[PDB]
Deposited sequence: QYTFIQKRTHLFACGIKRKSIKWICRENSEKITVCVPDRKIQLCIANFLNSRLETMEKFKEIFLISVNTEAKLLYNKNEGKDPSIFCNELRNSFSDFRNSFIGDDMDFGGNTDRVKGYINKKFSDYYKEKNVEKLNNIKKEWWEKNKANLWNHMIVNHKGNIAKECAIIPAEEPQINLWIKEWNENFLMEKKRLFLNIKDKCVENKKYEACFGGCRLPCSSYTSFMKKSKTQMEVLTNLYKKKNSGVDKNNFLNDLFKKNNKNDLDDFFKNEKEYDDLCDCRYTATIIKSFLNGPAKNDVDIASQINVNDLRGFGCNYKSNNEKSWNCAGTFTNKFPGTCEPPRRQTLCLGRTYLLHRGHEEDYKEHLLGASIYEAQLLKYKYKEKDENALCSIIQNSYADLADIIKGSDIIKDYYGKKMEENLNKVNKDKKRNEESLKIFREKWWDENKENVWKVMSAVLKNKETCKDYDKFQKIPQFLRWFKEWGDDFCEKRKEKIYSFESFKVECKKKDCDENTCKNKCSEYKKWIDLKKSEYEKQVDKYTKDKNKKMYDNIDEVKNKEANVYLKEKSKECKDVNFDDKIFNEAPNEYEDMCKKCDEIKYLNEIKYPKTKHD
């Protein structure tokens, strides 16, 4: 009775509502993609009957199709009725094609029922020739299909369009599956893209730079990836089932129906996706520097976009000059170290935001910081020569490497978070110091080339800048010490010249020698202490054999290391006069401030 009707329903069971396609390889090592609708096709009832006679087999078939309809109706409640219509038709076709030996779906009950139905038809006709049986089944379908279809939709004719009640034309399964898949695809494609619009709006307010927009963008991307592999399978199976030919332009026509040329063009992300899903203060510029205008045009690579710059969380290097910092918390573990002003003002952006641990986001952020650092440096020192600009870019490049590797001496608020957020990218559950270090170290090696590529884009004749890799391998402090030398010698030269132009001006007309001399005394004493600190570390560290594997350093007096590595000091000897409260040439002049 009605109770027994429930039995039919539950024999097959409630259907999953989501529309998905599952790809597996069959016994012949051949990959196929089956729709979940086919996986859940209502066939269980065949297994609950002895199928004693052909009348019975017919009766059970009638129950199967009619039940499939009910379950499809419950599945598609709340969905556009066109969907229920198509699934009715497509399931009817699978009943036909899985019955007459044209089925890509395999395993589980699909083969359990198939094999059973074949065995019963062996009994019915007493024929074991599989080919003959298949023909017998084809004839049987011919005579029963009209009644099977009619009964399948008898309770739902009113819920579908008049035209959907017409029995489906007979076609190969793969043709029907491709069509169904195409429809499933375009629907989910629209939906996922509308979410992108909703959350990204027009992406004119850096929406794509935040999770609200990046999530639907990301969902859309993966869906296209999965979809592309799926269509490849289905499209190859078509050719294979037609002597390796696109019989009747089926595949071709289908591509033109959607205004596309082929698989590739079918999944090529349009301009609109990039416009809505690329964070314009990271992704857009990265693409320019690696693949676009900036790549081969220094002028363009050098031009700064203020809005993007401040969006990312950095600003121009101030015209003011910060002192060297020899008194941070880092002096606890590394006494004698002096942080370069350049390091104190290094652009890292909002590193505290990469807490979700996505490698692509992290890479995108690092390259962003690297680009702006380069541009900002280029802007600050645009009036310097190629060799200097080159070395200045390498300084920050190497510091970045030290920050990512976790060897950076400063461990400031933003550096630390950069390091820790790379640890987050690492999903390995072994999380001791050395284990995490090794990961970061390997990660930098895999990315350090691109980092240099984008930073080197702001230099004339990029290949002029060499051994950036070797330079990065040099202990940070040693790199800084030399940086300090060049900075010291330079500013000393400047201050000497300042005295001259001042002396010559006074030498003619009107004349505070004491006041300028005073300012210099303060400066030189400050630099003297900085020098002493770093010399002490260089010496103490050297004695601990920390520089054994470093040529052009082993057993070289600190002040010698400077005169060599520091070009700017080539003409200076670190005497005991060098740090005099006044230059030896202006010693007497700074004295006798009576004139």
Quickly check which stretches of the deposited sequence aren't in the model, judged by C-alpha, and list them in order.
-> 1 to 2, 514 to 516, 601 to 615
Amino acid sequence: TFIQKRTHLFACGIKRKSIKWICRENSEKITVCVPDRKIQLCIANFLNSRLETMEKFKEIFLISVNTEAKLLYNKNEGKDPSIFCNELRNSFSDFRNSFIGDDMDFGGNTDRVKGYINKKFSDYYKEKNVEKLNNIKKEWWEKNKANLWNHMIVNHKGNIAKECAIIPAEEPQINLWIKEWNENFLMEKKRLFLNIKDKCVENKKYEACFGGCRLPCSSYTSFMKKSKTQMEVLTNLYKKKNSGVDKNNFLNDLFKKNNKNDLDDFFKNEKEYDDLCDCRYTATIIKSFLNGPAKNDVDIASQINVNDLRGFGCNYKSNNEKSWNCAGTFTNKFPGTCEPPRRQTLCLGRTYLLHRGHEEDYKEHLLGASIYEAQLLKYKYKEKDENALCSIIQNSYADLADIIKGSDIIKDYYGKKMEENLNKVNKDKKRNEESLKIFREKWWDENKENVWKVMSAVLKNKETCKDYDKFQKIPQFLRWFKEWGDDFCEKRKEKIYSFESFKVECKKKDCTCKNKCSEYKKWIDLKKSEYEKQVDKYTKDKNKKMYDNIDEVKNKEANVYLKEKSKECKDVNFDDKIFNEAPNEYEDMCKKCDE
From here on, numbers count along this sequence of modelled residues.
Ranked by mean Cα B-factor in the entry, 322 to 330 and 457 to 465, top stretch is 457 to 465
Would you mind comparing 474 to 482 and 264 to 272 for me and telling me which has the higher average C-alpha temperature factor in the entry?
-> 264 to 272
Per the PDB entry, maximal CA B factor within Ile63, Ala44, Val560, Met54 | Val560
Selection from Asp105, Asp428, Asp123, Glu171 [criterion: highest C-alpha temperature factor in the record] | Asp123
Going by the entry, which third of its chain does the Cα temperature factor of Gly368 land in?
-> lowest
Chain thirds of CA B-factor: placement of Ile167 = lowest
Could you look up the Cα B-factor of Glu530 in the entry and say which third of the chain it sits in: lowest, middle or highest?
-> middle
Would you please rank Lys542 by its C-alpha temperature factor against the other modelled residues of its chain and give the third it falls in: lowest, middle or highest?
-> highest
Chain thirds of CA B-factor: placement of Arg492 = highest
